[PDB]
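Enquirer: Have a look at this one.
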Amino acid sequence: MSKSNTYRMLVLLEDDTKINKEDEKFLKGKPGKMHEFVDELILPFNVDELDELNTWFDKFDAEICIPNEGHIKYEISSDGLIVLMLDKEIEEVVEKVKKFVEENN
């Protein structure tokens, strides 16, 4: 945010490939690879802003969870690695997260 040290966050979303009989319309459309990074965004997260980041993230977590209708998993490594995991059933948050991250950017 201020300090000369910024990081990036990758959002992974599972996309199902409902293919007709052309492949498998009987199986619950299973995508080749799931939980993969879609894009990375630089967040105003600093190593000396965990408290502020946790406070903001805590608030944003609800603000982002509010518009969310399901479960959400996230991983924040003090090392400076942030990852966002959203299910397909909650793909909405995925877009809300992208806009959110880029919104804070």
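Numbering starts fresh at 1 for the residues of each chain in the structure tokens, the chains themselves are lettered A, B, ... in the order given, and ligands are numbered from 1 as they appear.
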Which polymer residues have any atom within 9 Å of an atom of residue A:93, counting only C-alpha atoms, with same-chain residues fewer than 5 positions away left out, as a PyMOL selection string?

Expert: chain A and resi 64-65+67-69+72+86-87+98

Enquirer: Using only C-alpha atoms, which residues sit within 12 Å of residue A:104 once same-chain residues fewer than 5 positions away are excluded, as a list in words?

Expert: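 Here the qualifying residues turn out to be residues 1, 41, 42, 43, 44, 45, 53, 56, 57, 60, 96, 97, 98 and 99 of chain A.
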
Enquirer: Restrict the selected residues to N, CA and C atoms and save them as a short mmCIF file (atom, residue, chain, number, x, y, z; two decimals), in the first residue's frame.

Expert:
data_model
loop_
_atom_site.label_atom_id
_atom_site.label_comp_id
_atom_site.auth_asym_id
_atom_site.auth_seq_id
_atom_site.Cartn_x
_atom_site.Cartn_y
_atom_site.Cartn_z
N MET A 1 0.82 -1.20 0.00
CA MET A 1 0.00 0.00 0.00
C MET A 1 0.87 1.26 0.00
N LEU A 41 -3.39 -10.44 -9.55
CA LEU A 41 -3.56 -9.02 -9.32
C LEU A 41 -2.69 -8.58 -8.14
N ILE A 42 -2.19 -7.36 -8.24
CA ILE A 42 -1.34 -6.81 -7.20
C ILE A 42 -2.21 -6.12 -6.15
N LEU A 43 -2.11 -6.63 -4.92
CA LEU A 43 -2.88 -6.08 -3.82
C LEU A 43 -1.97 -5.18 -2.97
N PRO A 44 -2.61 -4.16 -2.34
CA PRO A 44 -1.87 -3.23 -1.50
C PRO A 44 -1.50 -3.87 -0.16
N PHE A 45 -1.06 -5.12 -0.25
CA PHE A 45 -0.67 -5.85 0.94
C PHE A 45 0.83 -5.70 1.22
N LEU A 53 -4.00 -5.28 7.30
CA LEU A 53 -4.44 -6.13 6.21
C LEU A 53 -5.51 -7.10 6.72
N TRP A 56 -8.64 -4.96 7.39
CA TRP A 56 -9.29 -4.60 6.14
C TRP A 56 -9.83 -5.89 5.51
N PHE A 57 -8.96 -6.89 5.44
CA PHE A 57 -9.34 -8.17 4.87
C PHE A 57 -10.53 -8.77 5.61
N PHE A 60 -13.43 -6.66 4.49
CA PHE A 60 -13.68 -6.98 3.09
C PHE A 60 -14.15 -8.42 2.93
N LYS A 96 -16.34 -10.94 -8.28
CA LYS A 96 -16.41 -9.92 -7.25
C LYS A 96 -15.03 -9.75 -6.61
N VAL A 97 -14.27 -10.83 -6.61
CA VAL A 97 -12.94 -10.82 -6.04
C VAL A 97 -11.99 -10.09 -6.99
N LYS A 98 -12.10 -10.43 -8.27
CA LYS A 98 -11.26 -9.81 -9.28
C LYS A 98 -11.47 -8.29 -9.26
N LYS A 99 -12.74 -7.91 -9.23
CA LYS A 99 -13.09 -6.50 -9.21
C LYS A 99 -12.67 -5.89 -7.87
#

Enquirer: So the first atom is atom CA of residue A:80 and the second is atom CA of residue A:10; what is the distance between them in Å, to one decimal place?

Expert: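 Distance reported for this atom pair: 12.1 Å.
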
Enquirer: Please report, as an mmCIF file with N, CA and C atoms, in the first residue's frame, each residue of stretch 2-63 of chain A to which DSSP assigns alpha helix (DSSP H) when run on this structure's backbone.

Expert:
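Below you can see result-v3.cif, which holds the result:
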data_model
loop_
_atom_site.group_PDB
_atom_site.id
_atom_site.type_symbol
_atom_site.label_atom_id
_atom_site.label_comp_id
_atom_site.auth_asym_id
_atom_site.auth_seq_id
_atom_site.Cartn_x
_atom_site.Cartn_y
_atom_site.Cartn_z
ATOM 1 N N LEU A 50 0.044 -6.517 8.371
ATOM 2 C CA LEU A 50 -0.740 -7.717 8.606
ATOM 3 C C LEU A 50 -1.970 -7.362 9.444
ATOM 4 N N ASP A 51 -1.742 -6.530 10.449
ATOM 5 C CA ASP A 51 -2.819 -6.105 11.327
ATOM 6 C C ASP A 51 -3.846 -5.310 10.520
ATOM 7 N N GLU A 52 -3.340 -4.353 9.756
ATOM 8 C CA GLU A 52 -4.199 -3.516 8.935
ATOM 9 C C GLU A 52 -4.796 -4.335 7.787
ATOM 10 N N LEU A 53 -4.004 -5.278 7.300
ATOM 11 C CA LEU A 53 -4.439 -6.132 6.209
ATOM 12 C C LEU A 53 -5.512 -7.098 6.716
ATOM 13 N N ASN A 54 -5.304 -7.572 7.936
ATOM 14 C CA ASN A 54 -6.241 -8.499 8.547
ATOM 15 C C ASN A 54 -7.538 -7.762 8.880
ATOM 16 N N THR A 55 -7.381 -6.523 9.324
ATOM 17 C CA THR A 55 -8.526 -5.703 9.680
ATOM 18 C C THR A 55 -9.347 -5.364 8.434
ATOM 19 N N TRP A 56 -8.638 -4.959 7.391
ATOM 20 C CA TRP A 56 -9.286 -4.604 6.138
ATOM 21 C C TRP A 56 -9.827 -5.886 5.505
ATOM 22 N N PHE A 57 -8.963 -6.889 5.444
ATOM 23 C CA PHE A 57 -9.340 -8.167 4.867
ATOM 24 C C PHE A 57 -10.533 -8.773 5.610
ATOM 25 N N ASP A 58 -10.539 -8.570 6.920
ATOM 26 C CA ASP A 58 -11.611 -9.089 7.752
ATOM 27 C C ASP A 58 -12.926 -8.408 7.368
ATOM 28 N N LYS A 59 -12.843 -7.101 7.172
ATOM 29 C CA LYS A 59 -14.015 -6.324 6.803
ATOM 30 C C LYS A 59 -14.422 -6.674 5.370
ATOM 31 N N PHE A 60 -13.432 -6.662 4.488
ATOM 32 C CA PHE A 60 -13.676 -6.975 3.090
ATOM 33 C C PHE A 60 -14.155 -8.419 2.926
ATOM 34 N N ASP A 61 -13.666 -9.276 3.810
ATOM 35 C CA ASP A 61 -14.036 -10.680 3.775
ATOM 36 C C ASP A 61 -15.555 -10.807 3.906
ATOM 37 N N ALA A 62 -16.114 -9.967 4.766
ATOM 38 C CA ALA A 62 -17.550 -9.973 4.993
ATOM 39 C C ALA A 62 -18.246 -9.260 3.833
ATOM 40 N N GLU A 63 -17.669 -8.134 3.440
ATOM 41 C CA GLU A 63 -18.224 -7.352 2.349
ATOM 42 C C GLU A 63 -18.234 -8.172 1.057
#

Enquirer: Just the number, please: distance in Å from atom CA of residue A:15 to atom CA of residue A:89, one decimal.

Expert: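 Distance between the two atoms: 9.5 Å.
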
Enquirer: Measuring atom to atom with only C-alpha atoms, identify which of A:40, A:103, A:23, A:75 is nearest to residue A:7.

Expert: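 Looking at the shortest contact to residue A:7, the residue is A:40.
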
Enquirer: State, in Å with one decimal place, the distance from atom CA of residue A:47 to atom CA of residue A:100.

Expert: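 Computing the Euclidean distance for atom CA of residue A:47 and atom CA of residue A:100 yields 20.1 Å.
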
Enquirer: Find the residues around stretch 27-30 of chain A up to 6 Å (only C-alpha atoms counted), leave out those fewer than 5 positions away in its own chain, and share them as a ChimeraX atom specification.

Expert: /A:16-18

Enquirer: Looking only at the backbone, which of the residues in chain A does DSSP tag as strand (DSSP E or B), as a PyMOL selection string?

Expert: chain A and resi 7-13+37-43+72-77+81-86

Enquirer: Restricting it to N, CA, C and O atoms, dump the selection as a short mmCIF file (atom, residue, chain, number, x, y, z; two decimals), in the first residue's frame.

Expert:
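Here's the written file selection-v1.cif:
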data_model
loop_
_atom_site.label_atom_id
_atom_site.label_comp_id
_atom_site.auth_asym_id
_atom_site.auth_seq_id
_atom_site.Cartn_x
_atom_site.Cartn_y
_atom_site.Cartn_z
N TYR A 7 2.62 -7.27 -3.35
CA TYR A 7 2.50 -8.66 -3.75
C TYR A 7 1.40 -8.84 -4.79
O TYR A 7 0.85 -7.86 -5.30
N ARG A 8 1.10 -10.10 -5.09
CA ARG A 8 0.07 -10.41 -6.07
C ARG A 8 -0.78 -11.58 -5.58
O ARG A 8 -0.31 -12.42 -4.82
N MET A 9 -2.03 -11.60 -6.04
CA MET A 9 -2.95 -12.65 -5.66
C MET A 9 -3.52 -13.36 -6.89
O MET A 9 -3.91 -12.71 -7.86
N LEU A 10 -3.54 -14.68 -6.81
CA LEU A 10 -4.05 -15.48 -7.91
C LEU A 10 -5.40 -16.09 -7.52
O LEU A 10 -5.53 -16.66 -6.43
N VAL A 11 -6.36 -15.94 -8.41
CA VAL A 11 -7.69 -16.47 -8.17
C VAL A 11 -7.91 -17.72 -9.02
O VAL A 11 -7.72 -17.68 -10.24
N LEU A 12 -8.30 -18.79 -8.36
CA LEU A 12 -8.54 -20.05 -9.04
C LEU A 12 -10.02 -20.41 -8.93
O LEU A 12 -10.59 -20.36 -7.85
N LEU A 13 -10.60 -20.76 -10.07
CA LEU A 13 -12.00 -21.13 -10.12
C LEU A 13 -12.17 -22.40 -10.96
O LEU A 13 -11.53 -22.54 -11.99
N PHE A 37 -5.16 -21.15 -11.49
CA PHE A 37 -5.08 -19.70 -11.50
C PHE A 37 -5.66 -19.13 -12.80
O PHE A 37 -5.34 -19.61 -13.88
N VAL A 38 -6.50 -18.12 -12.64
CA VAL A 38 -7.13 -17.48 -13.78
C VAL A 38 -6.36 -16.21 -14.13
O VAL A 38 -6.17 -15.90 -15.31
N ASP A 39 -5.94 -15.50 -13.10
CA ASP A 39 -5.19 -14.27 -13.28
C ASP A 39 -4.60 -13.82 -11.95
O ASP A 39 -5.04 -14.28 -10.89
N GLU A 40 -3.62 -12.94 -12.03
CA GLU A 40 -2.96 -12.43 -10.84
C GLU A 40 -3.12 -10.91 -10.76
O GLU A 40 -2.99 -10.22 -11.76
N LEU A 41 -3.39 -10.44 -9.55
CA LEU A 41 -3.56 -9.02 -9.32
C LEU A 41 -2.69 -8.58 -8.14
O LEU A 41 -2.49 -9.34 -7.20
N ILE A 42 -2.19 -7.36 -8.24
CA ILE A 42 -1.34 -6.81 -7.20
C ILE A 42 -2.21 -6.12 -6.15
O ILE A 42 -2.93 -5.18 -6.45
N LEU A 43 -2.11 -6.63 -4.92
CA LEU A 43 -2.88 -6.08 -3.82
C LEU A 43 -1.97 -5.18 -2.97
O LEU A 43 -0.77 -5.41 -2.90
N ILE A 72 -15.88 -20.20 0.88
CA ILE A 72 -14.73 -19.63 0.20
C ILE A 72 -13.46 -19.97 0.98
O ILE A 72 -13.46 -19.94 2.21
N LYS A 73 -12.42 -20.28 0.23
CA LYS A 73 -11.14 -20.63 0.84
C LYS A 73 -10.06 -19.68 0.32
O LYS A 73 -10.03 -19.36 -0.87
N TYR A 74 -9.20 -19.26 1.24
CA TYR A 74 -8.12 -18.36 0.89
C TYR A 74 -6.82 -18.75 1.59
O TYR A 74 -6.85 -19.41 2.64
N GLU A 75 -5.71 -18.34 1.00
CA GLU A 75 -4.40 -18.64 1.56
C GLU A 75 -3.49 -17.42 1.48
O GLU A 75 -3.19 -16.93 0.39
N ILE A 76 -3.08 -16.95 2.65
CA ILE A 76 -2.21 -15.79 2.72
C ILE A 76 -0.90 -16.18 3.43
O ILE A 76 -0.90 -16.47 4.62
N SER A 77 0.17 -16.17 2.65
CA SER A 77 1.48 -16.52 3.19
C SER A 77 2.27 -15.25 3.50
O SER A 77 2.53 -14.44 2.61
N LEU A 81 2.69 -14.31 -0.32
CA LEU A 81 1.96 -15.09 -1.30
C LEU A 81 0.48 -15.17 -0.89
O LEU A 81 0.16 -15.70 0.17
N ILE A 82 -0.36 -14.63 -1.76
CA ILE A 82 -1.79 -14.63 -1.50
C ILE A 82 -2.51 -15.35 -2.64
O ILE A 82 -2.28 -15.05 -3.81
N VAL A 83 -3.37 -16.29 -2.26
CA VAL A 83 -4.12 -17.06 -3.24
C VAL A 83 -5.60 -17.07 -2.84
O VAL A 83 -5.93 -17.17 -1.66
N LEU A 84 -6.45 -16.96 -3.85
CA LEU A 84 -7.88 -16.96 -3.62
C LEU A 84 -8.51 -18.17 -4.31
O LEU A 84 -8.32 -18.37 -5.51
N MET A 85 -9.24 -18.95 -3.53
CA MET A 85 -9.89 -20.14 -4.05
C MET A 85 -11.41 -20.03 -3.93
O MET A 85 -11.95 -19.93 -2.83
N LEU A 86 -12.07 -20.04 -5.08
CA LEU A 86 -13.51 -19.94 -5.12
C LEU A 86 -14.08 -21.08 -5.98
O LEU A 86 -13.55 -21.38 -7.05
#

Enquirer: Taking only C-alpha atoms into account, which of A:33, A:95, A:101, A:46 comes nearest residue A:79?

Expert: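 Using only C-alpha atoms, residue A:79 sits closest to A:46.
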